[PDB]
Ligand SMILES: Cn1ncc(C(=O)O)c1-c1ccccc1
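The data below hold one chain only, encoded as C-alpha cells and taken in the form solved without the named molecule.
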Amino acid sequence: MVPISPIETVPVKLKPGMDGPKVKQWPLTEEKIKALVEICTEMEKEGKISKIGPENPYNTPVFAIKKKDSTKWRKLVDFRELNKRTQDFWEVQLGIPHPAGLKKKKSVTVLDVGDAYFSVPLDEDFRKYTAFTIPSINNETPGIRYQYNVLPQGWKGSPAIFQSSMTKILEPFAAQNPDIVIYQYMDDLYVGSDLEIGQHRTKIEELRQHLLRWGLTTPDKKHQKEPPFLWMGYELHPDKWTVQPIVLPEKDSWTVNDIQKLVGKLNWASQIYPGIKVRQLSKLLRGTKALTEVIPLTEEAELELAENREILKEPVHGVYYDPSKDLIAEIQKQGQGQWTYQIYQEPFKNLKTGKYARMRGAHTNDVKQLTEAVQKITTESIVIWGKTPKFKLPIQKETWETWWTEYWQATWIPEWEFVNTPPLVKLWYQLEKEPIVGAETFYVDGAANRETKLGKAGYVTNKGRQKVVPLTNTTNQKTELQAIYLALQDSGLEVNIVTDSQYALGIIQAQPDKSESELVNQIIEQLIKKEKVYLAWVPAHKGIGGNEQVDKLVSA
C-alpha cells in the first residue's frame, strides 16, 4: 500500500466548567433497533465509530427516521445537548462571496469530497463525549455503546473543523497553481480557470493526485452539477450572474407575513434589478407583529408594488469583476428617503445594484442622506472588490462645497463627479453669517403651562410690529418653534430673528429640509421663500431688550 499523510486533529474542549452530556436514550421499537444495529455495524467496519465499555458515563440519544417513500431507515444522533456544552469555534463561512466580486471563468469543475469528510479524525480526548447507546431488544441485555472517531454530522464543531482541514490540504495546491481558483461548499470543491479545457482538465487530475496524498478519493464519474450553479440564492454562469427567479405572488388580500416575505424578495432582487422600492410596503409593518393580521394596502403601496412588478417583468443579469478597470458607482434620489445605485465598469453593464433607506430620525436632509449612502456603498465596495468606486452623484460641485465648508460637523465624500440627472440634491436654504442691515429685527418667544398645556407664541420688532397668539395643547418647545414660524410668516424677504430657544437653534443649526414635526416643516417652508435670514441666539431671562418684552407677553 501507499503511505498516506494523516489529517492533523484539532484539539477540542468543552466550555469551561461544563461536563459532557448524560441524556437518557429514548425507548425504540424492535424494528428501529434492528435497523440501527445494522447501520452502526457498517459504520463501525468503516472506522467511523467504535464500541466502548461501560466505564464511559456520557450519552447522547439516537433515533431512527424512516426515509420517506422507502423501506430504508436512517439514523439520527441528536447532539443538541453536546453542542450546548462544546466550545465556540472560528467560523469561516460567516462572509460569503458576492457574485459581483467574482471573476469571469472559462471553466468551472465540481469535485465530490464527501468521502474526505469521514477521513478527518475527531480529537482523541473528545471522543468520549460523543457516546451513544442502541437500546437492546426487549431491554434484556446492555445496550450497545459506541463513540465517534470522526466528525459527527450535526455536531457543533464539524463544519469548522472540516473546512479548516480541507483548507490546509488545499493551500499548497492553490499557492503553486495561481492560474486556478478553488472553493469549498458543503461536500463539493469548485475549481475554476481561464485555461484551455485541456490544461484545465490536467489541473483537475493533478488536484485529484494531490488529494490522494491524504487518502482522499473523488468519484471519477464526474459531477452531474454543471454551470449554471444554484448557490446561496443566486445563479452563477461562466460569464454572468443573477438572482434565482423572483416571483411576486398575486393576492386579493395580504397578511403581515405575506408582506414580510414580499419585502424580503424585493430586497433580494434589489441587488441586480435597478430601482426596486420597498418604503411604502415596509411602512405597513410599522410596529405590528400580528403575523396573521391582514392589512389593507395603501394606494401608495399598490403603486410601489405595481412599479416593482414592472421592474421584475424580465430577467436581468450582472457581469463579473474585471480588476483591470475602474469601478463606477452612480446614485439616484427616489423620494421618501429612498436612494438607488448601480455599480458598473463598462457603460450599461452593471456588476450589481442596490438601495439605501433614510435612517430613522426626527429631522434630516438630502445631502446627509446622500452622504450616508456614499459611505454604505464605499464600505460594501471595499468588502466585494477591495477598493472605493468613483462616484457619479446628482449634486453640483458648488452645492457640495457650500455644504461641507459651512456644516458644523466634519464630513467627506470620496472622489466623485456631478451627473446631471434629476432630482438633483440641493441646499434649500442657507442662513446668514452676519446680521442684515435694513432688515426688520423680530424678537420671538413662546411659553406654555406644563399642567393646562395652554401657551402663547409671539414676537415684537424694532418697527413696533407685534403679535401674540394663544395656543392650546402645547409645550414650551412647541411654542418656541411657533414663535419663529410667526416671525417668518409676517416678515419681508430679509429678516433678523432673535430667539432664546436652545432647542430651536439645535434643530435649525442641523439644517433639516424635512421633519417628523409638521411645525418644523412649516418653518422650513418659510425659510425656503426668504432671500436672507439671520438667526441670533440670546440667553433667556437676562434683561435683554426685545427678548424680555416678548417673554413677558407670552408667559402671561
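Just count from 1 along the sequence shown to find any residue number.
Not on display, but discussed next: the form solved in complex with the named molecule.
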item	value
Contact test in the deposited bound form: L486 vs the named molecule, heavy atoms, 4.5 Å	yes
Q338, heavy atom within 4.5 angstroms of the named molecule in the deposited bound form	no
Contact flag, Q522 vs the named molecule in the deposited bound form, heavy atom cut 4.5 Å	yes
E55 within 4.5 Å of the named molecule in the deposited bound form, heavy atoms	no
In the deposited bound form, the residue from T86, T461, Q482, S270 that sits within 4.5 Å of the named molecule by heavy atoms	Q482
Proximity to the named molecule in the deposited bound form, single hit among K203, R145, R127, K478 (heavy atom within 4.5 Å)	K478
